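Colleague: Residue numbers (the numbering used here), protein chains in the order written: chain A, 1 to 98; chain B, 1001 to 1097; chain C, 2001 to 2095; chain D, 3001 to 3095; chain E, 4001 to 4085; chain F, 5001 to 5084; chain G, 6001 to 6110; chain H, 7001 to 7110. Handing you this structure, nothing more for now.
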DNA sequence: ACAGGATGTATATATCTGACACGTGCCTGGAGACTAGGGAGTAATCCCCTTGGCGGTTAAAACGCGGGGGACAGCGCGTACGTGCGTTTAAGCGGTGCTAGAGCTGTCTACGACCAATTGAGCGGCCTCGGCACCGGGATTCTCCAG
DNA sequence: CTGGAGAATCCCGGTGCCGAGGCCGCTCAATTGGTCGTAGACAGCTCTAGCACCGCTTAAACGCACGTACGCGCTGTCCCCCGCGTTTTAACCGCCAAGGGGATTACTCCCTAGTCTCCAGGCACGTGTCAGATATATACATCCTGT
């Protein structure tokens, strides 16, 4: 007989796993290219220190993670377990970014 | 009978107080509340009138803003009645608690 | 007479008279405007201060002010300010 | 042949040896602690700066530092910090 | 005739809290909100007034001035225009 | 070196977003979130890099340093520890 | 010692705001060891410009409500209706300003 | 002048943090026109104290996981598990710190 | 859908007040010439990191194959608070008076920059070795699924 | 529900490494004695606001009534996102090299503090009248009933 886990078990295992570990979750090179692309519209042919790109990725993941924590609390407050765009919009409005 | 349906007079209050600017808390009770809370730091404190007024200004503006955010949280959850949990969520997301 | 305390009252009035000669202003509004001027002032000076410090320079020049303005004011508001300031700076060096 | 870039590393290590003699610290953690020290330093000095400004005084004394600490640090942290600070200043007046 | 005050927290009456919510755009208010609101406001005031007095003790003054409150507000990132500065 | 980048925003991929959410404590993610997330992140990055480069031009440098990013983060009340 | 006919630095820049006073505030304000000559002119220009920008919108607000003297309410309306200006003063509270009439759509009757 | 031997002001205050270095950073830091003699000693004492609190908590956290070298994750856990430190650092992000394990009750299986 | 009616609200008109626009008096902060130090622009160099750029390994993003719980319309019910009536109750308002501490003024002497001479704490750079990072393999728990 | 199963994670134990602790020049920042300007500490005068305090009007607040909309609990449904197999994609990882720029070292000269002085803008001090703050009576929104 086959062997499949129920929805959410592997999800929680990943939550405990990535919450226990501390490595960066975005892929280095694609993100480094996104940074350079976005930076193009301000000054042409910018060079980047390696640590500056790392600091951006670090700050980006920490910022998004915190936003998801608040988005999660908002979703739970509305008797749901699935985060939706309007939850992110609400979170940013309450915080003061939009 | 001429009893108005629930919310009509409420909306009238909303428009009425949103169109004007006077302060909504009674000056003397609030003034006493300020002095009472201040007691636990220094005895026989004196206040400038403008200070007590500035506290009422700040206080009402802070609460009004909290109710705006709270109200958005309530509406989000498909309700139209603000509840303590909504205020707690607001304060939590703002970083005040 | 007393300890004289200064404010931007007359300047707010002169600007008001250039933009709306037939419009007046209440004492409370003048207070609010004065607080606004002191606020924006302290923010710009603070940022210029940080700019001079981070780059180990001891002089706040028009460049630090400009960069500071670009950091504090959102978008087009900063651009016209930078525009006006540029005019101002240019015209000043010719007078 | 490089340029002297100072830090708080050796002091965090000395304190570390007084509090946990058998515990070490990674490079990145020492960097984080160093940034934390500069952060708290700038905050306290900033509040002391405005405190001095408001009351038109030109000297930052123990009073301003103490009041600034009470303003910035929550509860017991502040209380014990004043205890340690005052004790130390008292001891310093002897020597 | 020195006087020690008690139960002035009840001075932020229920009608006044309703009025505040009305200016905030609130349409319906549960009855349990009012006592909870007094608690919330209390914490806010506790945080602000304490700091105000903290400024007061530094200046060696016996009277809390308006400016003390303004600076207190400034300290918490809630700058207030219209009283001095 | 005359080079230009396009559509690199697709680099922040689906499994990476779901990873970020998992570290944030999210348990279930609607499919519509990804387009929303790339946009949200973009805004954030747009703001920060803009300020970063703004510091860079003031220093008359052609290379964005890590310190520029740190000061940028400080400028928005999102202070970062561990880079100076 | 009869020196030359003086004239304010604001006038040299064609400005209303006091370049000299701002310069004095800068020297005694603990911001930098020294302050450049163009800094006050540039700064005064920016402050005057922002003041004109808000006072103009305020003026329109007062005219629209049939009043000729500006009061706080018009300032609150003036700031909160300009998105960029709103952003600049997003963490500021205006005394006796009230709020903008903004009722969430779902709460209204029909 | 073949003077008395030198003692660090830190040692005079029985402190490990550099009263001398802090004092210099204050004087050249554009904070006030004058810095009182007791200010750096008092400040150094408070910085060393706060340093000891975080290090001490990180130390405990490290020992409780059988590690002798402090790495960022412990600093994160240390700061965020103390209410007053958490309140002091609510807008700060620690690089490579991660997040405190915190799963909302309603999400655990039923 | 569809008028009738009965009440808040903006409209227009009106009367004394005092807030603000303006005059006046007077005062000190802005400017102007001059001086004098030193901060940051300008040139040129070393090297070192930054970036271009090839070859292969393998982790990982991608498609899809189900499928099972999750968001959400809907129905329905029992508190519950809004509206309003009616009644205190106490704040508003004015109206007195005392006085006490803000707030300034005029004394200073104490306390912190200024200077340079000396030298020992801190750093740079460069060592060695020990937790440590990940592999190899068994056990416990953990999650799940059949009786 | 209650044991049987089967794997994911945890534990236990082993090997070269390079990150971290220590050493060794070695350089400049802390210390330390005077030394001096001047900044805030202290005594004391003025008075205005702060606070204690009386009298009445009335508007704000409190207790109730009731009923109608409001939150919230359950039920049923598509759908859609998660788990895993598979595979292509392309990032990692190492690796080579040319080099651009940045992090410096002379070198200056020019740009901004610093002083004194002159006097004109800026601020208190009144002050008078014109917006203005609320009364009196309009049709119309407007909301509800009832059609």
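Using N, Cα and C, we set each Cβ at its ideal position, and we do this for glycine too.
Could you check what DSSP says for residue 6108 of chain G in three-state terms: helix, strand or coil?
Modeller: Coil at residue 6108 of chain G, not helix or strand.
Colleague: Would residue 7080 of chain H and residue 7100 of chain H be called neighbours here (beta carbons separated by less than 8 Å)?
Modeller: Yes, the pair counts as a contact, with Cβ atoms nearer than the cut-off.
Colleague: According to the Cβ coordinates, are residue 5080 of chain F and residue 55 of chain A closer than 8 Å?
Modeller: Yes. Within cutoff.
Colleague: Can you tell which of G/6077, G/6062, G/6088, G/6082 has the C-alpha that lies nearest to the C-alpha of residue 2074 of chain C?
Modeller: Looking at the Cα atoms, G/6088 is the closest of the given residues.
Colleague: Have a look at the DSSP bridge pairing and note the partners of residue 4028 of chain E.
Modeller: BP columns for residue 4028 of chain E point to B/1081.
Colleague: I need the DSSP call for residue 5081 of chain F, collapsed to helix, strand or coil.
Modeller: Three-state result, residue 5081 of chain F: strand.
Colleague: Under a three-way DSSP split, which group does residue 3960 of chain E fall into?
Modeller: Not covered by the structure: residue 3960 of chain E. The range shown for chain E is 4001 to 4085.
Colleague: Give me the Cα-Cα distance between residue 6060 of chain G and residue 4040 of chain E, rounded to the nearest whole angstrom.
Modeller: So the two alpha carbons sit approximately 38 Å from each other.
Colleague: Candidates E/4005, E/4016, E/4014, E/4026: which alpha carbon is nearest residue 1079 of chain B's?
Modeller: Closest option to residue 1079 of chain B, Cα to Cα, is E/4026.
Colleague: Could you check what DSSP says for residue 1067 of chain B in three-state terms: helix, strand or coil?
Modeller: It is helical.
Colleague: Tell me the DSSP secondary structure of residue 42 of chain A in three-state form.
Modeller: Residue 42 of chain A: coil per DSSP, three-state reduction.
Colleague: Name, going along the chain, the residues of the segment 70-92 of chain A whose beta-carbon falls closer than 7 Å to a beta-carbon of chain F.
Modeller: Going along the segment 70-92 of chain A in chain order, one finds 72, 81, 82, 83, 84, 85, 88 with a Cβ nearer than 7 Å to chain F.
Colleague: Starting from the C-beta of residue 5053 of chain F, find all residues in its chain whose C-beta is less than 7 Å away, skip the five residues before and the five after it, and write them out in chain order.
Modeller: So the qualifying residues of the chain are 5064.
Colleague: In terms of residue numbering, what span does the alpha helix (DSSP H) encompassing residue 6099 of chain G cover?
Modeller: Premise fails: residue 6099 of chain G is in no alpha helix (DSSP H) and is neither H nor E.
Colleague: Does the segment 5066-5077 of chain F come within contact of the segment 2011-2019 of chain C, defined as at least 3 CB pairs closer than 8 Å?
Modeller: Flag = no, the segment 5066-5077 of chain F and the segment 2011-2019 of chain C do not touch.
Colleague: Which stretch, first to last residue, makes up the alpha helix (DSSP H) that contains residue 2012 of chain C?
Modeller: First-last of the alpha helix (DSSP H) with residue 2012 of chain C: 2009-2019.
Colleague: Between E/4060, E/4065, E/4020, which has its C-alpha nearest residue 3063 of chain D's C-alpha?
Modeller: Of E/4060, E/4065, E/4020, the residue nearest in Cα terms is E/4060.
Colleague: Are the CB atoms of residue 4081 of chain E and residue 6103 of chain G within a distance shorter than 8 Å?
Modeller: No, the pair does not count as a contact, with Cβ atoms beyond the cut-off.
Colleague: Terminal residues of the continuous alpha helix (DSSP H) containing residue 5041 of chain F?
Modeller: Element bounds for residue 5041 of chain F: 5033-5058.
Colleague: On the CB-based measure, 16 or more other CB atoms within 10 Å of its CB, does residue 72 of chain A come out buried or exposed?
Modeller: Buried, by the Cβ-count rule.
Colleague: Tell me where the alpha helix (DSSP H) around residue 4044 of chain E begins and ends.
Modeller: Counting along the chain, the alpha helix (DSSP H) containing residue 4044 of chain E begins and ends at 4033-4058.
Colleague: Count the other CB atoms within 10 Å of the CB of residue 57 of chain A; is the residue buried (16 or more) or exposed (fewer)?
Modeller: That one is buried.
Colleague: Do the segment 6045-6059 of chain G and the segment 6016-6029 of chain G make contact, defined as three or more Cβ pairs closer than 8 Å?
Modeller: Touching, yes.
Colleague: At a CB-CB cut-off below 8 Å, which residues of chain H make contact with residue 6032 of chain G?
Modeller: Chain H residues near residue 6032 of chain G: 7030.
Colleague: Spell out a yes or no on whether the segment 3050-3067 of chain D and the segment 7025-7035 of chain H are touching, meaning 3 or more CB-CB pairs, one atom from each, closer than 8 Å.
Modeller: These segments touch.
Colleague: What is the residue span of the alpha helix (DSSP H) that residue 6011 of chain G lies within?
Modeller: Run containing residue 6011 of chain G: 6009-6012, per the alpha helix (DSSP H) assignment.
Colleague: For residue 20 of chain A, decide whether its Cβ has a neighbour in chain H, counting only Cβ atoms nearer than 8 Å.
Modeller: Interface residue, yes.
Colleague: Using the Cβ count rule (16 or more neighbours within 10 Å means buried), how would you classify residue 5027 of chain F?
Modeller: Classification for residue 5027 of chain F: buried.
Colleague: Give me whichever residues DSSP pairs with residue 94 of chain A in a beta bridge.
Modeller: DSSP, once it has assigned bridges, lists no residue as partnering residue 94 of chain A.
Colleague: Identify the contact partners of residue 1094 of chain B in chain A, using a Cβ-Cβ distance below 9 Å as the criterion.
Modeller: In chain order: 94, 95, 96.
Colleague: For residue 87 of chain A, count neighbouring Cβ atoms within 10 angstroms of its own Cβ and tell me buried if that reaches 16, exposed if not.
Modeller: It counts as buried.
Colleague: Which value, in whole angstroms, describes the spacing of the CA atoms of residue 7086 of chain H and residue 4012 of chain E?
Modeller: Approximately 32 Å between the Cα atoms of the pair.
Colleague: Hey, does residue 3056 of chain D have any beta-carbon neighbour from chain H nearer than 8 Å?
Modeller: So no, residue 3056 of chain D is outside the interface.
Colleague: Grouping DSSP H, G and I as helix and E and B as strand, with all else coil, what is residue 15 of chain A?
Modeller: The answer is helix: DSSP assigns residue 15 of chain A an H, G or I state.
Colleague: Kindly give me the distance between the Cβ atoms of residue 6029 of chain G and residue 2029 of chain C, rounded to whole angstroms, as I take these residues to be in contact under 8 Å.
Modeller: Actually they do not touch by this definition, with Cβ atoms about 26 Å apart.
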